[PDB]
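One file, model.pdb, is given below (PDB, C-alpha atoms).
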```
ATOM      1  CA  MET A   1       0.000   0.000   0.000  1.00  0.00           C
ATOM      2  CA  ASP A   2       1.390   3.370  -1.090  1.00  0.00           C
ATOM      3  CA  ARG A   3       1.246   6.591   0.930  1.00  0.00           C
ATOM      4  CA  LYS A   4      -0.349   8.809  -1.732  1.00  0.00           C
ATOM      5  CA  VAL A   5       0.939  11.972  -0.043  1.00  0.00           C
ATOM      6  CA  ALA A   6       4.367  10.999  -1.388  1.00  0.00           C
ATOM      7  CA  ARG A   7       3.377  12.060  -4.901  1.00  0.00           C
ATOM      8  CA  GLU A   8       1.776  15.321  -3.800  1.00  0.00           C
ATOM      9  CA  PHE A   9       4.822  15.886  -1.596  1.00  0.00           C
ATOM     10  CA  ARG A  10       7.197  15.848  -4.564  1.00  0.00           C
ATOM     11  CA  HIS A  11       4.949  18.215  -6.516  1.00  0.00           C
ATOM     12  CA  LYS A  12       4.400  20.537  -3.550  1.00  0.00           C
ATOM     13  CA  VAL A  13       8.077  20.837  -2.606  1.00  0.00           C
ATOM     14  CA  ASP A  14       9.029  21.378  -6.249  1.00  0.00           C
ATOM     15  CA  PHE A  15       6.415  24.116  -6.658  1.00  0.00           C
ATOM     16  CA  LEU A  16       7.097  25.853  -3.338  1.00  0.00           C
ATOM     17  CA  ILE A  17      10.864  25.396  -3.393  1.00  0.00           C
ATOM     18  CA  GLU A  18      11.673  25.244  -7.110  1.00  0.00           C
ATOM     19  CA  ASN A  19      15.366  25.199  -6.144  1.00  0.00           C
ATOM     20  CA  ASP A  20      17.849  22.343  -6.522  1.00  0.00           C
ATOM     21  CA  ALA A  21      20.051  23.225  -3.555  1.00  0.00           C
ATOM     22  CA  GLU A  22      17.086  24.042  -1.323  1.00  0.00           C
ATOM     23  CA  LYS A  23      15.473  20.695  -2.119  1.00  0.00           C
ATOM     24  CA  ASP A  24      18.652  18.902  -1.056  1.00  0.00           C
ATOM     25  CA  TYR A  25      18.631  20.862   2.202  1.00  0.00           C
ATOM     26  CA  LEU A  26      15.157  19.611   3.121  1.00  0.00           C
ATOM     27  CA  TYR A  27      15.912  16.058   2.018  1.00  0.00           C
ATOM     28  CA  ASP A  28      19.027  16.184   4.196  1.00  0.00           C
ATOM     29  CA  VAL A  29      17.094  17.291   7.279  1.00  0.00           C
ATOM     30  CA  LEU A  30      14.698  14.358   6.921  1.00  0.00           C
ATOM     31  CA  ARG A  31      17.482  11.874   6.174  1.00  0.00           C
ATOM     32  CA  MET A  32      19.154  12.931   9.418  1.00  0.00           C
ATOM     33  CA  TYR A  33      15.891  13.286  11.337  1.00  0.00           C
ATOM     34  CA  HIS A  34      15.365   9.556  10.811  1.00  0.00           C
ATOM     35  CA  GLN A  35      18.663   8.446  12.353  1.00  0.00           C
ATOM     36  CA  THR A  36      18.844  11.380  14.764  1.00  0.00           C
ATOM     37  CA  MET A  37      15.151  11.283  15.669  1.00  0.00           C
ATOM     38  CA  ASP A  38      15.346  14.849  16.978  1.00  0.00           C
ATOM     39  CA  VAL A  39      12.196  16.884  16.342  1.00  0.00           C
ATOM     40  CA  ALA A  40      13.835  19.897  17.984  1.00  0.00           C
ATOM     41  CA  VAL A  41      16.671  20.066  15.455  1.00  0.00           C
ATOM     42  CA  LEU A  42      14.308  19.233  12.595  1.00  0.00           C
ATOM     43  CA  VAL A  43      12.020  22.186  13.314  1.00  0.00           C
ATOM     44  CA  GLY A  44      14.996  24.495  13.755  1.00  0.00           C
ATOM     45  CA  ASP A  45      16.683  23.811  10.421  1.00  0.00           C
ATOM     46  CA  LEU A  46      13.325  23.585   8.644  1.00  0.00           C
ATOM     47  CA  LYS A  47      12.634  27.090   9.952  1.00  0.00           C
ATOM     48  CA  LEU A  48      15.908  28.643   8.782  1.00  0.00           C
ATOM     49  CA  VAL A  49      15.169  27.353   5.279  1.00  0.00           C
ATOM     50  CA  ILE A  50      11.364  27.272   5.280  1.00  0.00           C
ATOM     51  CA  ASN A  51      11.212  30.552   7.227  1.00  0.00           C
ATOM     52  CA  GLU A  52       9.640  32.230   4.198  1.00  0.00           C
ATOM     53  CA  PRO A  53       5.870  32.353   4.943  1.00  0.00           C
ATOM     54  CA  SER A  54       5.399  31.229   1.337  1.00  0.00           C
ATOM     55  CA  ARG A  55       7.178  27.967   2.165  1.00  0.00           C
ATOM     56  CA  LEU A  56       5.145  27.464   5.356  1.00  0.00           C
ATOM     57  CA  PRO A  57       2.451  25.492   3.438  1.00  0.00           C
ATOM     58  CA  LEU A  58       5.214  22.981   2.705  1.00  0.00           C
ATOM     59  CA  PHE A  59       4.998  21.812   6.325  1.00  0.00           C
ATOM     60  CA  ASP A  60       1.714  20.175   5.311  1.00  0.00           C
ATOM     61  CA  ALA A  61       3.478  17.526   3.226  1.00  0.00           C
ATOM     62  CA  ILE A  62       6.204  17.225   5.871  1.00  0.00           C
ATOM     63  CA  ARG A  63       3.747  15.917   8.469  1.00  0.00           C
ATOM     64  CA  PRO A  64       2.594  12.860   6.426  1.00  0.00           C
ATOM     65  CA  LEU A  65       6.178  11.607   6.149  1.00  0.00           C
ATOM     66  CA  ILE A  66       6.685  12.322   9.845  1.00  0.00           C
ATOM     67  CA  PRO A  67       5.481   9.713  12.413  1.00  0.00           C
ATOM     68  CA  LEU A  68       1.941   9.932  13.807  1.00  0.00           C
ATOM     69  CA  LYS A  69       2.700  10.964  17.396  1.00  0.00           C
ATOM     70  CA  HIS A  70       5.444  13.094  15.870  1.00  0.00           C
ATOM     71  CA  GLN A  71       2.828  15.046  13.912  1.00  0.00           C
ATOM     72  CA  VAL A  72       1.054  16.095  17.099  1.00  0.00           C
ATOM     73  CA  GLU A  73       4.304  17.145  18.759  1.00  0.00           C
ATOM     74  CA  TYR A  74       5.367  18.746  15.483  1.00  0.00           C
ATOM     75  CA  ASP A  75       2.501  21.192  15.900  1.00  0.00           C
ATOM     76  CA  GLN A  76       3.220  21.585  19.618  1.00  0.00           C
ATOM     77  CA  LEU A  77       6.769  22.705  18.823  1.00  0.00           C
ATOM     78  CA  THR A  78       6.080  24.749  15.696  1.00  0.00           C
ATOM     79  CA  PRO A  79       4.649  28.109  16.906  1.00  0.00           C
ATOM     80  CA  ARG A  80       2.432  30.538  14.994  1.00  0.00           C
TER      81      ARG A  80
END
```
What's the structure tokens form of this structure?
Amino acid sequence: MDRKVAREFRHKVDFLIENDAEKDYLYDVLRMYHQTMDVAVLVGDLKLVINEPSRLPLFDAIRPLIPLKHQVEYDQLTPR
């Protein structure tokens, strides 16, 4: 069974980001977030790069990939 969001994720990131280097930055954060398992560091870096309010919507696709319980905490950490 696929995830579905995966497809939309690629399209979203590409549309919002549109950059090659930027895309690698996000992919790197996730790749490390898996082994590191640190939501604190993830949100931090994601902010420095996705700080642009225009990129905020990107967080939507980020949740799906992120663990369930992690999603809840993701919102608890990410302010507004």
Show me, as a PyMOL selection string, the residues that have an atom within 9 Å of residue 78 of chain A when counting all atoms listed in the file, minus same-chain residues fewer than 4 positions from it. chain A and resi 43+73-74
Distance query segment 56-68 of chain A at most 9 Å, all atoms listed in the file, self and fewer than 2 positions along chain excluded, as a short mmCIF file (atom, residue, chain, number, x, y, z; two decimals) with C-alpha atoms, in the frame of the given file:
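Result written to around_26.cif:
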```
data_model
loop_
_atom_site.label_atom_id
_atom_site.label_comp_id
_atom_site.auth_asym_id
_atom_site.auth_seq_id
_atom_site.Cartn_x
_atom_site.Cartn_y
_atom_site.Cartn_z
CA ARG A 3 1.25 6.59 0.93
CA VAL A 5 0.94 11.97 -0.04
CA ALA A 6 4.37 11.00 -1.39
CA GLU A 8 1.78 15.32 -3.80
CA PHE A 9 4.82 15.89 -1.60
CA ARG A 10 7.20 15.85 -4.56
CA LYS A 12 4.40 20.54 -3.55
CA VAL A 13 8.08 20.84 -2.61
CA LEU A 16 7.10 25.85 -3.34
CA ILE A 17 10.86 25.40 -3.39
CA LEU A 30 14.70 14.36 6.92
CA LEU A 46 13.32 23.58 8.64
CA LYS A 47 12.63 27.09 9.95
CA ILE A 50 11.36 27.27 5.28
CA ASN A 51 11.21 30.55 7.23
CA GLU A 52 9.64 32.23 4.20
CA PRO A 53 5.87 32.35 4.94
CA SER A 54 5.40 31.23 1.34
CA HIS A 70 5.44 13.09 15.87
CA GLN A 71 2.83 15.05 13.91
CA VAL A 72 1.05 16.10 17.10
CA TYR A 74 5.37 18.75 15.48
#
```
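As for atom CA of residue 79 of chain A and atom CA of residue 21 of chain A, they are spaced 26.1 Å apart.
Atom CA of residue 76 of chain A is found 28.7 Å from atom CA of residue 19 of chain A.
Counting from atom CA of residue 55 of chain A, the distance to atom CA of residue 1 of chain A is 29.0 Å.
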Can you list, as a compact mmCIF listing (two decimals) with C-alpha atoms, in the frame of the given file, every protein, DNA or RNA residue that comes within 9 Å of residue 29 of chain A when you count only C-alpha atoms, leaving out same-chain residues fewer than 3 positions away?
```txt
# COMPACT_ATOMS: atom_id res chain seq x y z
CA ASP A 24 18.65 18.90 -1.06
CA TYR A 25 18.63 20.86 2.20
CA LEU A 26 15.16 19.61 3.12
CA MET A 32 19.15 12.93 9.42
CA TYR A 33 15.89 13.29 11.34
CA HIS A 34 15.36 9.56 10.81
CA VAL A 41 16.67 20.07 15.46
CA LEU A 42 14.31 19.23 12.60
CA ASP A 45 16.68 23.81 10.42
CA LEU A 46 13.32 23.58 8.64
```
